[PDB]
Every structure is written in C-alpha cells, then in structure tokens.
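The file model.txt comes next; it holds compact mmCIF, N, CA and C atoms.
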# COMPACT_ATOMS: atom_id res chain seq x y z
N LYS A 2 111.85 99.93 97.99
CA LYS A 2 110.69 99.45 98.77
C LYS A 2 109.62 100.54 98.76
N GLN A 5 108.55 100.35 99.53
CA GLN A 5 107.45 101.30 99.59
C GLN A 5 106.80 101.07 100.95
N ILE A 6 105.83 101.91 101.30
CA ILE A 6 105.13 101.79 102.58
C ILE A 6 103.94 100.84 102.48
N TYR A 7 103.77 99.98 103.48
CA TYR A 7 102.65 99.06 103.49
C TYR A 7 101.87 99.22 104.77
N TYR A 8 100.56 99.41 104.64
CA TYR A 8 99.69 99.57 105.79
C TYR A 8 99.01 98.22 106.01
N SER A 9 98.86 97.81 107.26
CA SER A 9 98.23 96.54 107.56
C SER A 9 96.72 96.69 107.63
N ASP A 10 96.05 95.62 108.05
CA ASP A 10 94.60 95.58 108.24
C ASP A 10 94.36 96.16 109.63
N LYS A 11 93.13 96.57 109.92
CA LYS A 11 92.83 97.13 111.23
C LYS A 11 92.41 96.01 112.17
N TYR A 12 92.73 96.16 113.44
CA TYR A 12 92.35 95.19 114.45
C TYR A 12 91.91 96.11 115.59
N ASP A 13 90.71 95.92 116.11
CA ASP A 13 90.26 96.81 117.16
C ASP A 13 89.95 96.11 118.46
N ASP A 14 89.88 96.89 119.53
CA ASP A 14 89.57 96.37 120.85
C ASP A 14 88.37 97.14 121.38
N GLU A 15 88.18 97.13 122.70
CA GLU A 15 87.04 97.81 123.30
C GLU A 15 86.89 99.31 122.99
N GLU A 16 87.94 99.96 122.49
CA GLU A 16 87.82 101.40 122.20
C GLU A 16 88.74 101.97 121.13
N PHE A 17 89.58 101.13 120.53
CA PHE A 17 90.52 101.60 119.52
C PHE A 17 90.64 100.72 118.30
N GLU A 18 90.56 101.33 117.13
CA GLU A 18 90.70 100.63 115.87
C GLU A 18 92.20 100.72 115.64
N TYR A 19 92.90 99.59 115.71
CA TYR A 19 94.36 99.56 115.51
C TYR A 19 94.86 99.28 114.10
N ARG A 20 96.11 99.66 113.82
CA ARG A 20 96.75 99.45 112.51
C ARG A 20 98.22 99.89 112.63
N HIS A 21 99.11 99.29 111.85
CA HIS A 21 100.52 99.65 111.90
C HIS A 21 101.07 99.78 110.50
N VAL A 22 102.02 100.69 110.31
CA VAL A 22 102.61 100.91 109.00
C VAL A 22 104.00 100.26 108.89
N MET A 23 104.38 99.82 107.69
CA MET A 23 105.68 99.21 107.50
C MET A 23 106.52 100.12 106.62
N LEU A 24 107.52 100.76 107.22
CA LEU A 24 108.39 101.70 106.50
C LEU A 24 109.62 101.06 105.89
N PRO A 25 110.02 101.53 104.71
CA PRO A 25 111.22 100.91 104.15
C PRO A 25 112.37 101.36 105.04
N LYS A 26 113.30 100.46 105.32
CA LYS A 26 114.46 100.78 106.15
C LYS A 26 115.09 102.09 105.68
N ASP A 27 114.81 102.43 104.42
CA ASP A 27 115.31 103.64 103.80
C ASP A 27 114.83 104.89 104.54
N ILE A 28 113.54 104.95 104.87
CA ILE A 28 113.01 106.11 105.59
C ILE A 28 112.81 105.79 107.07
N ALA A 29 113.12 104.57 107.47
CA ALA A 29 112.98 104.19 108.87
C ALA A 29 114.00 104.98 109.68
N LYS A 30 115.13 105.29 109.06
CA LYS A 30 116.17 106.04 109.75
C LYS A 30 115.86 107.54 109.81
N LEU A 31 114.59 107.86 110.00
CA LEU A 31 114.15 109.24 110.12
C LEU A 31 113.14 109.28 111.26
N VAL A 32 112.72 108.10 111.70
CA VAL A 32 111.77 108.02 112.79
C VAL A 32 112.52 108.33 114.09
N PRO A 33 112.23 109.47 114.72
CA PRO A 33 112.89 109.84 115.98
C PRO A 33 112.69 108.72 117.00
N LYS A 34 113.73 108.38 117.75
CA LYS A 34 113.63 107.30 118.73
C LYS A 34 113.30 107.78 120.13
N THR A 35 113.25 109.09 120.31
CA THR A 35 113.01 109.68 121.61
C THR A 35 111.62 110.20 121.92
N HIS A 36 110.80 110.37 120.89
CA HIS A 36 109.46 110.91 121.08
C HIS A 36 108.52 110.49 119.97
N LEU A 37 107.24 110.34 120.30
CA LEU A 37 106.23 109.96 119.31
C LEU A 37 106.13 111.07 118.26
N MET A 38 105.71 110.73 117.05
CA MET A 38 105.58 111.71 115.97
C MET A 38 104.23 112.40 116.01
N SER A 39 104.20 113.66 115.61
CA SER A 39 102.96 114.41 115.61
C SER A 39 102.28 114.13 114.29
N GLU A 40 100.97 114.29 114.25
CA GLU A 40 100.20 114.05 113.04
C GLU A 40 100.88 114.70 111.85
N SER A 41 101.41 115.89 112.08
CA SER A 41 102.11 116.66 111.06
C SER A 41 103.46 116.02 110.75
N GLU A 42 104.07 115.41 111.77
CA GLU A 42 105.37 114.76 111.62
C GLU A 42 105.34 113.53 110.71
N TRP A 43 104.50 112.54 111.03
CA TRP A 43 104.46 111.35 110.20
C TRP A 43 103.99 111.56 108.78
N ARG A 44 103.14 112.56 108.55
CA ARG A 44 102.69 112.83 107.18
C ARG A 44 103.90 113.24 106.35
N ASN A 45 104.76 114.05 106.96
CA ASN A 45 105.96 114.52 106.29
C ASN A 45 106.88 113.33 105.95
N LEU A 46 106.59 112.15 106.50
CA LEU A 46 107.40 110.96 106.23
C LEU A 46 107.00 110.29 104.94
N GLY A 47 105.69 110.21 104.71
CA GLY A 47 105.14 109.58 103.52
C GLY A 47 103.86 108.80 103.84
N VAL A 48 103.64 108.57 105.13
CA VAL A 48 102.49 107.83 105.62
C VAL A 48 101.16 108.54 105.45
N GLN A 49 100.44 108.28 104.37
CA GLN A 49 99.14 108.91 104.16
C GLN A 49 98.06 108.04 104.79
N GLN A 50 97.20 108.61 105.63
CA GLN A 50 96.11 107.85 106.25
C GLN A 50 94.91 108.79 106.33
N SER A 51 93.84 108.35 106.98
CA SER A 51 92.68 109.22 107.14
C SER A 51 93.02 110.19 108.28
N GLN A 52 92.09 110.41 109.20
CA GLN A 52 92.38 111.30 110.32
C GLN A 52 91.94 110.60 111.60
N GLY A 53 92.49 111.04 112.72
CA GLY A 53 92.15 110.41 113.98
C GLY A 53 93.17 109.31 114.23
N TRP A 54 93.92 108.95 113.20
CA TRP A 54 94.97 107.94 113.31
C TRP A 54 96.15 108.67 113.92
N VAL A 55 96.50 108.30 115.14
CA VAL A 55 97.60 108.95 115.81
C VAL A 55 98.65 107.93 116.24
N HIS A 56 99.92 108.31 116.14
CA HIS A 56 101.04 107.45 116.54
C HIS A 56 100.91 107.32 118.06
N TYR A 57 100.62 106.14 118.58
CA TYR A 57 100.44 106.03 120.01
C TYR A 57 101.52 105.35 120.81
N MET A 58 102.51 104.75 120.16
CA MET A 58 103.54 104.06 120.92
C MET A 58 104.89 103.94 120.25
N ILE A 59 105.93 104.19 121.04
CA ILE A 59 107.31 104.13 120.58
C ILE A 59 107.73 102.67 120.52
N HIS A 60 108.45 102.32 119.46
CA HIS A 60 108.92 100.95 119.28
C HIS A 60 110.42 100.98 119.09
N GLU A 61 111.16 100.65 120.14
CA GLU A 61 112.61 100.63 120.09
C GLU A 61 113.17 99.41 119.35
N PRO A 62 112.58 98.22 119.57
CA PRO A 62 113.07 97.02 118.88
C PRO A 62 113.02 97.11 117.35
N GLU A 63 111.81 97.15 116.80
CA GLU A 63 111.62 97.23 115.36
C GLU A 63 111.23 98.67 115.01
N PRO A 64 112.21 99.51 114.64
CA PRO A 64 111.95 100.90 114.29
C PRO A 64 111.20 101.11 112.99
N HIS A 65 111.08 100.08 112.16
CA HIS A 65 110.38 100.23 110.89
C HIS A 65 108.87 99.99 110.97
N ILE A 66 108.38 99.79 112.19
CA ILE A 66 106.97 99.57 112.41
C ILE A 66 106.36 100.72 113.20
N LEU A 67 105.44 101.44 112.57
CA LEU A 67 104.77 102.55 113.22
C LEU A 67 103.38 102.10 113.69
N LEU A 68 103.19 102.00 115.00
CA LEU A 68 101.91 101.60 115.57
C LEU A 68 100.94 102.78 115.58
N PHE A 69 99.77 102.62 114.98
CA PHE A 69 98.78 103.69 114.96
C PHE A 69 97.49 103.27 115.66
N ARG A 70 96.75 104.25 116.13
CA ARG A 70 95.53 104.03 116.87
C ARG A 70 94.53 105.06 116.38
N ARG A 71 93.32 105.01 116.92
CA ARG A 71 92.24 105.92 116.55
C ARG A 71 91.03 105.35 117.26
N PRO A 72 90.20 106.20 117.88
CA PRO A 72 89.03 105.62 118.56
C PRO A 72 88.06 105.08 117.53
N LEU A 73 87.30 104.05 117.92
CA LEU A 73 86.34 103.42 117.02
C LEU A 73 85.52 104.44 116.23
N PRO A 74 85.42 104.25 114.90
CA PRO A 74 84.71 105.05 113.90
C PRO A 74 83.81 106.20 114.38
N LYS A 75 84.44 107.34 114.67
CA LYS A 75 83.76 108.56 115.12
C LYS A 75 82.61 108.31 116.11
N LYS A 76 82.77 107.31 116.97
CA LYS A 76 81.75 106.95 117.95
C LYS A 76 81.74 107.84 119.20
N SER B 2 103.73 87.55 114.23
CA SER B 2 103.11 88.52 113.23
C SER B 2 101.55 88.55 113.42
N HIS B 3 101.08 89.58 114.12
CA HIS B 3 99.66 89.74 114.36
C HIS B 3 99.01 90.27 113.07
N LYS B 4 99.83 90.42 112.03
CA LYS B 4 99.38 90.91 110.72
C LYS B 4 100.32 90.33 109.66
N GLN B 5 99.77 90.05 108.47
CA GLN B 5 100.53 89.49 107.34
C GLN B 5 100.19 90.16 106.02
N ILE B 6 98.92 90.52 105.83
CA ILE B 6 98.49 91.18 104.59
C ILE B 6 98.86 92.65 104.66
N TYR B 7 99.35 93.19 103.55
CA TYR B 7 99.75 94.60 103.50
C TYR B 7 99.24 95.30 102.26
N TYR B 8 98.72 96.51 102.46
CA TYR B 8 98.18 97.32 101.39
C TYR B 8 99.16 98.46 101.14
N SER B 9 99.36 98.81 99.88
CA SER B 9 100.26 99.89 99.55
C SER B 9 99.45 101.18 99.44
N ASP B 10 100.11 102.28 99.13
CA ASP B 10 99.42 103.56 98.97
C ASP B 10 98.60 103.57 97.68
N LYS B 11 97.53 104.36 97.67
CA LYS B 11 96.67 104.48 96.50
C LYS B 11 97.30 105.32 95.38
N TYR B 12 98.34 104.82 94.72
CA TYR B 12 98.92 105.60 93.63
C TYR B 12 97.87 105.68 92.53
N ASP B 13 97.49 106.90 92.15
CA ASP B 13 96.48 107.06 91.12
C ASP B 13 96.94 107.92 89.96
N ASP B 14 96.00 108.22 89.07
CA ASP B 14 96.26 109.03 87.91
C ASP B 14 94.90 109.61 87.52
N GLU B 15 94.87 110.54 86.57
CA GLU B 15 93.62 111.15 86.13
C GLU B 15 92.82 110.23 85.20
N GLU B 16 92.41 109.09 85.74
CA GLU B 16 91.65 108.08 85.01
C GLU B 16 91.30 106.95 85.98
N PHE B 17 92.33 106.38 86.61
CA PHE B 17 92.14 105.29 87.57
C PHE B 17 92.96 105.44 88.85
N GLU B 18 92.41 104.90 89.92
CA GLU B 18 93.03 104.92 91.24
C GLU B 18 93.56 103.51 91.47
N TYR B 19 94.86 103.39 91.72
CA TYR B 19 95.44 102.08 91.93
C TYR B 19 95.77 101.77 93.39
N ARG B 20 96.29 100.56 93.61
CA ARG B 20 96.67 100.04 94.92
C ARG B 20 97.02 98.58 94.64
N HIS B 21 97.63 97.90 95.61
CA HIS B 21 97.93 96.49 95.44
C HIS B 21 98.11 95.80 96.77
N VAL B 22 97.25 94.82 97.05
CA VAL B 22 97.32 94.08 98.28
C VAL B 22 98.48 93.11 98.17
N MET B 23 99.13 92.77 99.29
CA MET B 23 100.28 91.86 99.27
C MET B 23 100.08 90.66 100.21
N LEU B 24 99.66 89.52 99.66
CA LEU B 24 99.42 88.31 100.47
C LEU B 24 100.70 87.62 100.90
N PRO B 25 100.64 86.91 102.04
CA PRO B 25 101.83 86.20 102.51
C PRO B 25 102.01 85.03 101.55
N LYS B 26 103.24 84.72 101.16
CA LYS B 26 103.50 83.62 100.22
C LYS B 26 102.87 82.27 100.61
N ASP B 27 102.47 82.15 101.86
CA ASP B 27 101.83 80.93 102.32
C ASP B 27 100.36 80.88 101.90
N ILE B 28 99.98 81.68 100.91
CA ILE B 28 98.59 81.72 100.45
C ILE B 28 98.47 81.96 98.95
N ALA B 29 99.59 82.27 98.31
CA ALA B 29 99.61 82.53 96.88
C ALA B 29 98.79 81.50 96.09
N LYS B 30 98.88 80.23 96.50
CA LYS B 30 98.18 79.13 95.83
C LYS B 30 96.64 79.16 95.89
N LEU B 31 96.06 79.80 96.90
CA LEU B 31 94.60 79.88 97.01
C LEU B 31 94.07 80.95 96.05
N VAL B 32 94.99 81.66 95.41
CA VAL B 32 94.67 82.71 94.48
C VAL B 32 94.45 82.12 93.10
N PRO B 33 93.22 82.18 92.59
CA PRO B 33 92.82 81.67 91.28
C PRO B 33 93.88 81.95 90.23
N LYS B 34 94.39 80.87 89.67
CA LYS B 34 95.43 80.89 88.67
C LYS B 34 94.98 81.30 87.26
N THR B 35 93.80 80.85 86.86
CA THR B 35 93.27 81.10 85.51
C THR B 35 92.32 82.26 85.25
N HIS B 36 91.76 82.85 86.30
CA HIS B 36 90.83 83.96 86.11
C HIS B 36 90.97 85.05 87.14
N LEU B 37 90.45 86.23 86.79
CA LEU B 37 90.45 87.37 87.68
C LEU B 37 89.34 87.14 88.72
N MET B 38 89.53 87.68 89.92
CA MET B 38 88.55 87.48 90.99
C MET B 38 87.37 88.44 90.98
N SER B 39 86.35 88.05 91.72
CA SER B 39 85.17 88.86 91.87
C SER B 39 85.31 89.30 93.32
N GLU B 40 84.59 90.36 93.69
CA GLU B 40 84.64 90.89 95.05
C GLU B 40 84.62 89.77 96.07
N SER B 41 83.66 88.88 95.92
CA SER B 41 83.51 87.75 96.83
C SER B 41 84.79 86.94 96.92
N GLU B 42 85.38 86.65 95.76
CA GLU B 42 86.59 85.84 95.68
C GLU B 42 87.79 86.38 96.45
N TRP B 43 88.09 87.67 96.30
CA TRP B 43 89.23 88.22 97.02
C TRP B 43 88.90 88.51 98.47
N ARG B 44 87.63 88.76 98.78
CA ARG B 44 87.27 88.99 100.17
C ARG B 44 87.50 87.70 100.90
N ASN B 45 87.32 86.59 100.20
CA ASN B 45 87.51 85.28 100.78
C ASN B 45 88.95 85.08 101.26
N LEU B 46 89.90 85.68 100.54
CA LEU B 46 91.31 85.58 100.90
C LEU B 46 91.56 86.34 102.20
N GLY B 47 90.65 87.25 102.51
CA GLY B 47 90.80 88.04 103.72
C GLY B 47 91.20 89.46 103.40
N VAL B 48 91.20 89.82 102.12
CA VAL B 48 91.56 91.17 101.73
C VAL B 48 90.39 92.06 102.08
N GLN B 49 90.59 93.03 102.97
CA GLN B 49 89.51 93.94 103.35
C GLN B 49 89.77 95.33 102.81
N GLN B 50 88.85 95.82 101.98
CA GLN B 50 88.99 97.13 101.38
C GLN B 50 87.66 97.63 100.83
N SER B 51 87.62 98.90 100.47
CA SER B 51 86.41 99.49 99.93
C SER B 51 85.84 98.70 98.73
N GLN B 52 84.54 98.45 98.79
CA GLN B 52 83.79 97.71 97.78
C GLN B 52 84.09 98.03 96.31
N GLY B 53 84.41 99.28 96.02
CA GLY B 53 84.67 99.66 94.64
C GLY B 53 85.92 99.13 93.94
N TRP B 54 86.77 98.46 94.70
CA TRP B 54 88.00 97.94 94.13
C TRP B 54 87.74 96.83 93.13
N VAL B 55 88.55 96.77 92.08
CA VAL B 55 88.38 95.76 91.03
C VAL B 55 89.68 95.09 90.63
N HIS B 56 89.71 93.76 90.67
CA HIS B 56 90.90 92.97 90.32
C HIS B 56 91.07 93.04 88.80
N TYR B 57 91.90 93.95 88.33
CA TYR B 57 92.09 94.12 86.90
C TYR B 57 93.26 93.37 86.30
N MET B 58 94.14 92.82 87.13
CA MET B 58 95.32 92.14 86.59
C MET B 58 96.06 91.20 87.55
N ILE B 59 96.61 90.14 86.97
CA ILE B 59 97.38 89.13 87.68
C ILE B 59 98.85 89.56 87.58
N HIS B 60 99.53 89.69 88.71
CA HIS B 60 100.93 90.11 88.69
C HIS B 60 101.78 88.88 88.39
N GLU B 61 102.01 88.65 87.10
CA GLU B 61 102.78 87.49 86.64
C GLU B 61 104.03 87.08 87.42
N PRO B 62 105.10 87.92 87.42
CA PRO B 62 106.37 87.67 88.11
C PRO B 62 106.22 87.15 89.53
N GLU B 63 105.54 87.93 90.37
CA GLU B 63 105.33 87.53 91.75
C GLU B 63 103.84 87.57 92.11
N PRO B 64 103.12 86.49 91.78
CA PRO B 64 101.69 86.21 91.97
C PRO B 64 101.09 86.46 93.36
N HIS B 65 101.89 86.38 94.41
CA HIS B 65 101.37 86.61 95.77
C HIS B 65 100.91 88.07 95.97
N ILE B 66 101.07 88.89 94.93
CA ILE B 66 100.70 90.29 94.97
C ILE B 66 99.47 90.55 94.11
N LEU B 67 98.40 91.00 94.75
CA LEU B 67 97.15 91.31 94.06
C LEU B 67 97.13 92.76 93.54
N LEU B 68 96.72 92.95 92.29
CA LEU B 68 96.64 94.27 91.68
C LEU B 68 95.22 94.77 91.52
N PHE B 69 94.80 95.69 92.38
CA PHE B 69 93.46 96.26 92.30
C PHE B 69 93.51 97.65 91.67
N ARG B 70 92.34 98.17 91.31
CA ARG B 70 92.20 99.51 90.74
C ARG B 70 90.72 99.85 90.82
N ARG B 71 90.41 101.14 90.82
CA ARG B 71 89.02 101.58 90.86
C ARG B 71 88.91 102.82 89.99
N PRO B 72 87.70 103.14 89.53
CA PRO B 72 87.59 104.33 88.69
C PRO B 72 87.62 105.59 89.53
N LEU B 73 88.22 106.63 88.98
CA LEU B 73 88.30 107.92 89.66
C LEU B 73 87.26 108.77 88.92
N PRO B 74 86.31 109.36 89.66
CA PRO B 74 85.24 110.20 89.10
C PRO B 74 85.72 111.45 88.36
N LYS B 75 84.76 112.29 87.97
CA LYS B 75 85.02 113.53 87.25
C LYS B 75 85.35 113.30 85.77
N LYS B 76 84.31 113.01 84.97
CA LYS B 76 84.38 112.79 83.51
C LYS B 76 84.28 111.38 82.91
N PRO B 77 83.29 110.57 83.33
CA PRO B 77 82.22 110.78 84.31
C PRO B 77 82.66 110.37 85.72

Structure translated into structure tokens:
Amino acid sequence: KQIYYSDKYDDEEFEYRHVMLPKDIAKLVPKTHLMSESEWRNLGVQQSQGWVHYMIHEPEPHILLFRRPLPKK
Amino acid sequence: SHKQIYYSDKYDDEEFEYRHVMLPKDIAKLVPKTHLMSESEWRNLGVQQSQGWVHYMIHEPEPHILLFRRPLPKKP
C-alpha cells in the first residue's frame, strides 16, 4: 500500500485534511499521545507546514487527522 | 466517509514530478474512456490540485485511478 492524503475541508478557522496510512505503518502511530511535527514526518507523511496532528483516533488508527489555520491568515 | 478522493505522494524524478488521484469506484464511469482529460475535465470530477498537473495516461488495469504528472524545472 502507500499513503493517501485527502482533500481539504475547512471551517471558520481551520483548513482540515486527514492522511490514510497503510496498516503496515499504522502500527507505529502511538496511541497515547499526538505526534509532533518531527514525529509524523519520520513516518512518511510529507505535507507543507502548519499542518499539525490535532486529534487522537482510537477507533481507526490508520487515519491521521490534520489541521492548520486558514492559509497564513 | 466525509472524504473519498485520495492523492498519493508526489513521487518524482529528474525530469517529471508524478502523483495519482484515486477516485471512488462509484465514479470511474464519468471518467472519459477514449481520451485524456483537460484541466477543466478532471476538475469537473472534483479533483482539486495545482493547475500545472497534466493527465498524461489512462491507468488501464484499474481505471478509477487517475495518473497525473507535471514538469520539474531546471533544464529548462
């Protein structure tokens, strides 16, 4: 498999997006704490900047929810 | 599923920058069977990406997958 990034969906202050990890590397996503910008890059998830892991997902561990405030506004 | 379309990483080389959008199989049919798309055509599918992308090939085996590519600068 490979990593797939979705389309962005934004709200009143955040441009949203989530990554789809192959179950292969999903078993490296810590379940106890959010990943640091430096942490997820080490996984394989290449993105721009300002994209930060904002929420832990216990149900579906292969989905990394990312956030970032609207385009350097 | 608040999302269905998926973009892969920009695997590139010293000539062209690649990527490939992945449509949900419930749309493969709206994808022109006989010709390559124009920016307008794929944007219509809902594929959102940088303007410079170009539909250079139809993925025969599994058609629901769009194959884009763009030129990588430096010579020229």

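Computed from the coordinates, the atom C of residue 29 in chain B to CA of residue 13 in chain B distance equals 26.1 Å.
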
Distance query range 57-64 of chain A at most 8 Å, all atoms listed in the file, self and fewer than 6 positions along chain excluded, as a PyMOL selection string: chain A and resi 23-24+26+28-30+32-38+70-71

With a cut-off of 8 Å, could you pull out the residues of chain B touching chain A and give me the nearest pair of atoms for each, distance in Å to one decimal, using only C-alpha atoms, ordered by chain and ascending number, as JSON lines?
{"residue": "B:4", "atom": "CA", "partner": "A:9", "partner_atom": "CA", "distance": 6.6}
{"residue": "B:5", "atom": "CA", "partner": "A:9", "partner_atom": "CA", "distance": 7.4}
{"residue": "B:6", "atom": "CA", "partner": "A:9", "partner_atom": "CA", "distance": 6.1}
{"residue": "B:7", "atom": "CA", "partner": "A:9", "partner_atom": "CA", "distance": 4.7}
{"residue": "B:8", "atom": "CA", "partner": "A:8", "partner_atom": "CA", "distance": 5.2}
{"residue": "B:9", "atom": "CA", "partner": "A:7", "partner_atom": "CA", "distance": 4.7}
{"residue": "B:10", "atom": "CA", "partner": "A:6", "partner_atom": "CA", "distance": 7.0}
{"residue": "B:49", "atom": "CA", "partner": "A:10", "partner_atom": "CA", "distance": 7.2}

Filtered DSSP result for range 2-75 of chain A, state strand (DSSP E), as a PyMOL selection string: chain A and resi 7-8+12-13+18-23+55-58+66-70

Residue 73 in chain A surroundings by only N, CA and C atoms, 8 Å radius, close-in-sequence under 5 positions cut, as a count of residues only: 7

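For residue 54 in chain B, the list of residues within 6.5 Å, based on all atoms listed in the file and with local chain neighbours fewer than 3 positions off taken out, reads residues 50, 51, 69, 70 and 71 of chain B.
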
Closest of B:26, B:11, B:56, B:21 to residue 38 in chain B - atom-to-atom distances counting all atoms listed in the file: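 Once distances to residue 38 in chain B are computed over all atoms listed in the file, the minimum belongs to B:56.
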
DSSP alpha helix (DSSP H) residues within chain B, listed as number ranges by chain: B: 40-46

Length of the atom N of residue 77 in chain B to CA of residue 39 in chain B vector [Å]: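 Calculated distance between atom N of residue 77 in chain B and CA of residue 39 in chain B is 23.4 Å.
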
Within 7 Å of residue 40 in chain A, counting all atoms listed in the file, which residues show up once you throw out same-chain ones fewer than 2 positions away? Write them as a compact mmCIF listing (two decimals) with N, CA and C atoms, in the frame of the given file, please.
# COMPACT_ATOMS: atom_id res chain seq x y z
N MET A 38 105.71 110.73 117.05
CA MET A 38 105.58 111.71 115.97
C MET A 38 104.23 112.40 116.01
N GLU A 42 104.07 115.41 111.77
CA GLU A 42 105.37 114.76 111.62
C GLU A 42 105.34 113.53 110.71
N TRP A 43 104.50 112.54 111.03
CA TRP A 43 104.46 111.35 110.20
C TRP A 43 103.99 111.56 108.78
N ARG A 44 103.14 112.56 108.55
CA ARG A 44 102.69 112.83 107.18
C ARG A 44 103.90 113.24 106.35
N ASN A 45 104.76 114.05 106.96
CA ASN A 45 105.96 114.52 106.29
C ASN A 45 106.88 113.33 105.95
N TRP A 54 93.92 108.95 113.20
CA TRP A 54 94.97 107.94 113.31
C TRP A 54 96.15 108.67 113.92
N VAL A 55 96.50 108.30 115.14
CA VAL A 55 97.60 108.95 115.81
C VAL A 55 98.65 107.93 116.24
N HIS A 56 99.92 108.31 116.14
CA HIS A 56 101.04 107.45 116.54
C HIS A 56 100.91 107.32 118.06

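What separates CA of residue 14 in chain B from CA of residue 48 in chain B is a distance of 23.1 Å.
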
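For the choices B:52, B:20, B:66, B:57, the atom-to-atom distance to residue 37 in chain B is smallest for B:57 when using all atoms listed in the file.
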